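Take a look at the letters that make up each chain.
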Amino acid sequence: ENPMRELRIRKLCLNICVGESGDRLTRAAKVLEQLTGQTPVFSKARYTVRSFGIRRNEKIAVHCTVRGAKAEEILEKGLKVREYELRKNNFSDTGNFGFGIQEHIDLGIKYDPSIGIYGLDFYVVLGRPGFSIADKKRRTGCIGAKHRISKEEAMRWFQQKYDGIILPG
Amino acid sequence: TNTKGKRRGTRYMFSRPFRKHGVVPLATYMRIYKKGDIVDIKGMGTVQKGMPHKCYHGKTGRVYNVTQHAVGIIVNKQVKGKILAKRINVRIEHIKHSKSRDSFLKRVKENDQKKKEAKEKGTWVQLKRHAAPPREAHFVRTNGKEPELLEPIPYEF
Amino acid sequence: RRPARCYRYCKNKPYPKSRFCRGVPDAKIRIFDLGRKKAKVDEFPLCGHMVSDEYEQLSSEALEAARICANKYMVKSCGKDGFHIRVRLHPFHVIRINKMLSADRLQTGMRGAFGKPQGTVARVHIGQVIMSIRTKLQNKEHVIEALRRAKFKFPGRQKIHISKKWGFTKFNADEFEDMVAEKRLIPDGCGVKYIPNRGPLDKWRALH
Amino acid sequence: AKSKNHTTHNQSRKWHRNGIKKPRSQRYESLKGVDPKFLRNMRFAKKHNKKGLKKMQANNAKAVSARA
Amino acid sequence: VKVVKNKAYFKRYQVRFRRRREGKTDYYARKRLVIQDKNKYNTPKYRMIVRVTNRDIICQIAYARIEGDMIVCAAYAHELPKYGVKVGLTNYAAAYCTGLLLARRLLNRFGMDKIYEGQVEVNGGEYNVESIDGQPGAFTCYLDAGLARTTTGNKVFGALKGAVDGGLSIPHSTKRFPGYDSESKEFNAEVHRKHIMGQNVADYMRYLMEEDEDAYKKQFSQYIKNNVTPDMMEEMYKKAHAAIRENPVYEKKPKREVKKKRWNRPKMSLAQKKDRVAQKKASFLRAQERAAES
RNA sequence: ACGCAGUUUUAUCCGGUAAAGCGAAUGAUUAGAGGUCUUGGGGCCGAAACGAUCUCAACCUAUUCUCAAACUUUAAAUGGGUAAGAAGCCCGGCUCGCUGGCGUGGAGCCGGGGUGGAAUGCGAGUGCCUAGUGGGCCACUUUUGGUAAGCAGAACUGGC
RNA sequence: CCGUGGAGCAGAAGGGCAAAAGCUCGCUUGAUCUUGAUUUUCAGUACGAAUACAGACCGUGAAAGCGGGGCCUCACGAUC
RNA sequence: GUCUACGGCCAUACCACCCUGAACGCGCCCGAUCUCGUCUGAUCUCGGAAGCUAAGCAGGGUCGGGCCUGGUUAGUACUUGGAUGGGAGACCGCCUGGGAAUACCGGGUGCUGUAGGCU
Ligand SMILES: [Mg+2]
Ligand SMILES: [Mg+2]
Ligand SMILES: [Mg+2]
Ligand SMILES: [Mg+2]
Ligand SMILES: [Mg+2]
Ligand SMILES: [Mg+2]
Ligand SMILES: [Mg+2]
Ligand SMILES: [Mg+2]
Ligand SMILES: [Mg+2]
Ligand SMILES: [Mg+2]
Ligand SMILES: [Mg+2]
Ligand SMILES: [Mg+2]
Ligand SMILES: [Mg+2]
Ligand SMILES: [Mg+2]
Ligand SMILES: [Mg+2]
Ligand SMILES: [Mg+2]
Ligand SMILES: [Mg+2]
Ligand SMILES: [Mg+2]
């Protein structure tokens, strides 16, 4: 059949967005250290609304990206607590789906009384071999039409691989 | 009272043409400019380093000095009373060759070739130009087709 | 208010309302279509036109008064919901006024007399249509009389002409009933869309 | 006492009375504004020319005179 | 629902240059690399262009011209099997050899192969070819990096080292060659010559053979096919250098060609397009006619 | 014949006015037709419900009426500069401390050979001294302020 | 994901800019010395501003190159 | 008849969709020990060659959208010079010369400079 149309997870991005900066944000950074085995990166204050206590140039959220077998393992750990029920509204038109979970105690982490209670967003992006064209510098080119992931293809791949159930939104 | 300035009133003169913005084409740089050649001046808005004054836009002059990134041109600027031969140092981004000198060189080459070729044959060729002479008496042809009659159309709103 | 005698000719360049006026009184006209706007193109066959013969300026108040007169005569001639009038001319030139000494010689005579905007007029060229009315095939004399009544209210000299076109469209009346039968013109409310041949084949497959 | 501000009326006549003739074009116009390095090189080439000119050019002139 | 790009967008859209659209150039570094000062009226500006593609490395030397960049000489990687390097046509040692071959070929074409022999004994240090009095001056040429990011240890710099050892006077610095430490500003030529002679790949092959045989079977398949052990690469490049310096000239390939076939489809003419349109118009009404009468 | 021209002819560029356009960018702008993802206001099935339906406002699409001295795709006429030879071209040889793969490039100099190079008209070039003037006005046309003025203020040409 | 400039370039506007003149990062004061010529209002006088060079010392990148202030149009001052 | 590397013109060559690609080449692609850099070998860098034309890319097609060119608009709107021309004016006509653009329609859609590998 298709020679090299096998779908594959390009990366898995975890993101923890807290309200205020300080000790809680530092702890939300420490939790990702043991969750992903790598140092996260801080994102801060794209704007200034002041309606809930943020300003310009203030550390707000932490995030990171995992690729490869570790990304697949983290996605499996997330779908474990998710129990493999995804809604129809979780999938985007491009083929990327995210679910989000509750506080990270259900992932299999030893609870620490000093860290606190934080969750993550757990956004997943799907890909195919050949999507690295739009990322290189020597020559840039669009993906195309028959190669880009569709809407139904993502949920079909999810049902085929992880045997999850798709609920109507 | 008219707010004299260096770039006053060039809103459409120093602007780039439509659908021609971006970086400068590289062909205008590789052109050769020697001393004594007749060139033209056209202000360009892509670069602002060595652009000439708004009064020399569209002026034709000969080159008297050449440097790394620019050329020196002697331009005949007509001041209120007389004409001054002014030396201007302008970069090569705003200068292009003048095809009038090229046409004159082609014509003089054709002339000195034609005379050198006709000297042996002894035919006094007329290589000197002239105005358009009045056309001679010619014979039109109707091939039996009657000339079509033309009538003015009545007025209609 | 100044009379219309002093704002008749075209003596200055167009001075429209923009970021440089920063102040202007509102216009007099607010509506341009007074008949039944939801009429189809096959409802009213003929159409008239008020074509100007003099290059001058027309005031928005004069346009308003003339269109009120035309509507008042038309709704009595052919009844309501049986016609469609349109004032094609739109006022955009803003005339300015220079109030003179608010009566004593204490204030300045002509020092800084650029003046403030007074109103809005409409510049009309020679041969430009002012108003146009479409009715049934038998309301020709009624449209002519309404346009004649509006002539007595418009300044200058403008004449009446019944165009050969079909309604408001740019197509003639003789080549309309045969070109609308087969798929070359599509009626869309008060207008007609002319479908060219240089399009994708799906637009042609959708028809026929 | 307001007066006239600025006009250019009756100026082209004053100019054309004397003439708007072009400047005097003469051979060897000037050497000002030319690159100083180029001017130095030209001076050196002009002052070192007579060193080798008066012999080799004379020999070549004798040769071409013998040729024709 | 939402506005998008339309006819008004396409009517105002201005396209970039062709060489820029696919991303082959930048027109910024070129504007400084190709343009010659007008004091040098017709003096060409020689630039060596090194491009590292997949399974190949192309090295040329060109100068400016109105019609197009005039190339004086060119060297490739697929010629190394002819000079003694059959496997590894995209290694750092391969870049060194192809730069040396380009330099030697240019010098032999210009007749200056005898003088300006360059650095014969490869040591990893800077050479800085200098001109000799009473003889034609050394070939002064510049470098063209292109789109590749200039990072310490690149194959473009390997080809640069090969050329400067072959005898091309090219201005450069020693901080971009492999072996330049980041903590200290000093440079070591021993590690540079070890990387030039292709010893890191030998260490990798030995490490794979010592740890995992499956890795040594998957990778270096062409190496084990050409039975080149890691201890032979120290001598194979030493021999290839001498072979290149002994026979730098490039032979002319056979011009014999075969007949050509219409492999690509041609454009249909206006008559054919109009006939296709007429057929599509005429065969559509019959479908609905049949569906109605049936 | 040197040379010159308030001019024309031939090549050659320069420009953004007149005009025109906005179913092309920006800013104003009247009305209709279809589709409704969503938002807000009404009516319907009925414990309420993105369970369903009619309509309006809003959005999108393809059209439609009228405008821009401080908008423009396109773009006139008039008009501005240059050239139409001997101060030019072909050939050979020297100098360079300029540049440089190269006797490469570019400038300067020397030497012999070859003027009839668009029309028309006219004799040109140049130095010194220097009085008066330094309140203007009017007219065809183009135009700024003003309702307008034998009003005030500009461009070319002519006149007092 | 679409996204030709619809953002930004210190500030009033115009022009200009997309592996950019925009944002970020790393070293840095060429925002330092010197003599001329030239452009702009022009009487072709000066000041201010600006252009292209040349002669020394430096910055930067590997390098071609750029830089003797701000992407350009204003942001400033004789005698004694 | 074609591609690669470097380029001139910079949409006749850009955008969306659909088909074909034999032998080289471009690439997708497999892996972080050395050179190198990020949260992530995704991107930039040293090691390839197990599969592929799925993608980029190259050709062809769309009564395709844009772009160029040619008719129509049109000797029409404008404009140099003239009149003791008309009209109360607004403006218009004539003589001598030049001459625009949108709607509408039709035709095309890459040509080449240097080095190289194939049928
Ligand atoms: Mg992008
Ligand atoms: Mg009264
Ligand atoms: Mg006075
Ligand atoms: Mg670069
Ligand atoms: Mg203007
Ligand atoms: Mg206009
Ligand atoms: Mg007075
Ligand atoms: Mg007056
Ligand atoms: Mg600005
Ligand atoms: Mg702009
Ligand atoms: Mg210097
Ligand atoms: Mg490191
Ligand atoms: Mg590392
Ligand atoms: Mg990888
Ligand atoms: Mg492919
Ligand atoms: Mg395919
Ligand atoms: Mg088409
Ligand atoms: Mg006239």
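Residues numbered from 1 in each chain as written, not as in the entry; some residues may be left out. Chains lettered and ligands numbered in written order. Part of a larger assembly, values for the part shown. Heavy atoms only, no water.

Determination of this PDB entry was carried out by cryo-EM to a resolution of 3.1 Å, according to the record.

Novice: A description of a negative patch on the surface should follow, citing residues and the corresponding values.
Specialist: All names here are of chain E. Together, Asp203, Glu210, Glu211, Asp212, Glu213 and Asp214 line one region of the surface with negative charge. Of all the elements in the fold, those that place two or more residues in the negative patch are α8 (200-211) and α9 (213-218). At 3 residues, α8 tops the list of elements feeding residues into the negative patch. Mapped onto the secondary structure, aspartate 212 falls in the loop between α8 and α9. (Patch = residues over 30% accessible without salt bridge, like charges linked within 9 Å, V, L, I, M, F, W, Y side chains within 5 Å. Areas by Shrake-Rupley, 256 points an atom, 1.4 Å probe, with all protein chains shown as cover. Salt bridge = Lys/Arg side-chain N within 4 Å of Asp/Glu carboxyl O. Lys, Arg positive; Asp, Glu negative; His and termini not counted. Charge placed at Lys NZ, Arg CZ, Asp CG, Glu CD. Helix = DSSP H or I, 4+ residues; strand = E, 2+ residues; numbered from the N terminus.)

Novice: I'd like a description of the environment of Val18(A), backed by residues and values.
Specialist: Residues and elements named next belong to chain A. You can see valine 18 is positioned in the loop between β1 (8-17) and α1 (23-36). In this structure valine 18 comes out as buried when scored by relative accessible area, which is 7%. Put simply, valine 18 and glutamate 153 are 135 residues apart on the chain and 33 Å apart in space, counted from C-alpha to C-alpha. When sequence neighbours within four positions are dropped, the list of residues in contact with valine 18 reads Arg24, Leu25, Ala28, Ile60 and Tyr118. (Buried < 20%, exposed > 50% of the residue type's maximum accessible area, 1.4 Å probe, protein only. Contact = heavy atoms within 4.5 Å.)

Novice: Residue-level account of the protein's contact with RNA strand H, with values.
Specialist: Taken together, the neighbourhood of RNA strand H is formed by 110 residues, with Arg67(A), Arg198(C), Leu201(C), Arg21(E) and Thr152(E) sitting nearest. A share of 73% is what sugar and phosphate atoms reach among the atoms of RNA strand H within 4 Å of the protein. Interatomic distance of 2.8 Å between a backbone N/O atom of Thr39(A) and a sugar or linking oxygen of RNA strand H. Measuring from a phosphate oxygen of RNA strand H, one finds a side-chain N or O atom of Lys24(E) at 3.2 Å. (Near = heavy atom within 4 Å. Polar contact = N/O pair within 3.5 Å; in protein donor to acceptor, adjacent residues only side chain to side chain.)

Novice: Can you explain the interface of chain E and chain B? Please cite residues and give values.
Specialist: The interface is formed by 18 residues belonging to chain E together with 17 residues belonging to chain B. Buried area between chain E and chain B, both sides added, is near 1,800 Å², and the carbon and sulfur share of it is 65%. The three residues of chain E that bury the most area against chain B are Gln14(E), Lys38(E) and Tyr41(E), which together make up 39% of that side's buried surface. Seen at the junction of chain E and chain B, the total is 0 salt bridges. (Buried area = accessible area lost by both parts, 1.4 Å probe.)

Novice: Lay out the side chain of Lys45(E) in plain terms, naming residues and giving numbers.
Specialist: Residues and elements named next belong to chain E. Positionally, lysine 45 belongs in the loop between α3 (29-33) and β1 (47-53). Despite its burial, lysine 45 remains without a salt bridge, the nearest opposite charge being carried by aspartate 37 at 4.8 Å. Within the structure, the side chain of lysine 45 is placed 2.9 Å from the backbone oxygen of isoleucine 35, a separation counted as a polar contact. Sequence-distant contacts of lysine 45, that is, excluding residues within four places in its chain, are made with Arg32, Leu33, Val34, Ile35, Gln36, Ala62, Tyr63, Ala64 and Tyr142.

Novice: Account for the protein's contact with RNA strand G, naming residues and giving values.
Specialist: Near RNA strand G, the surroundings consist of 61 residues, among which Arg7(B), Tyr56(B), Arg20(E), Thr25(E) and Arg176(E) are the closest. For RNA strand G, the fraction of atoms within 4 Å of the protein that belong to sugar or phosphate moieties is 70%. Take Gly22(B): an N or O atom from its main chain is 2.8 Å from a phosphate oxygen of RNA strand G. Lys5(E) is positioned such that a nitrogen or oxygen atom in its side chain is 3.0 Å from a phosphate oxygen of RNA strand G. Breaking the surface near RNA strand G down by element, the ones donating at least two residues are β3 (70-78) and β4 (83-91) of chain B, α2 (36-47) of chain D together with α1 (7-12), α3 and β4 (142-144) of chain E. The leading source of residues in the surface near RNA strand G is β4(B), at 5 residues.

Novice: So what about the pairing of strand β4 (residues 93-97) of chain C? Which residues, and what values?
Specialist: Residue and element names in this part refer to chain C. Within β4, 4 of the 5 residues are buried, which leaves it mostly tucked inside the rest of the structure. In this sheet, strand β5 (residues 116-124) lies alongside β4 in antiparallel orientation, the contact comprising 5 bridges. Among the inter-strand pairings, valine 94 is bridged to a residue of β5, identified as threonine 120. (Pairing = 2+ DSSP bridges.)

Novice: An account of the sheet that holds strand β6 (residues 131-135) of chain C is needed here, citing residue identities and associated values.
Specialist: Pairing between the strands of a sheet comes from backbone hydrogen bonds, and it takes one of two forms, parallel or antiparallel. Residue and element names in this part refer to chain C. Taken together, the 4 strands give an open sheet; going across it, the order is β3-β6-β1-β7, and neighbouring strands pair in antiparallel fashion. With partners counted over all chains shown, the strands left at the sheet margins are β3 (84-87) and β7 (158-162), one partner each. Across the sheet, the axes of successive neighbouring strands diverge by a mean angle of 15 degrees, strand direction being ignored. By the bridge criterion, 5 bridges tie strand β1 (residues 46-52) to β7 in an arrangement that is antiparallel. Its bridge partner being in β7, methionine 50 is matched across the sheet by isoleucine 160. Where helix α1 (residues 60-77) meets the sheet, it contacts β3 and β6, and its direction lies at approximately 15 degrees from that of β6. (Axes fitted to C-alpha atoms, helices over the stretch in contact; angles between N-to-C directions.)

Novice: I'd like a description of the arrangement of the chains, backed by residues and values.
Specialist: Across the 6 pairs of chains that are in contact, the largest number of contacts falls between chains B and E. As for chain B relative to chain A, no contact occurs, and the smallest C-alpha gap between them is 20 Å.

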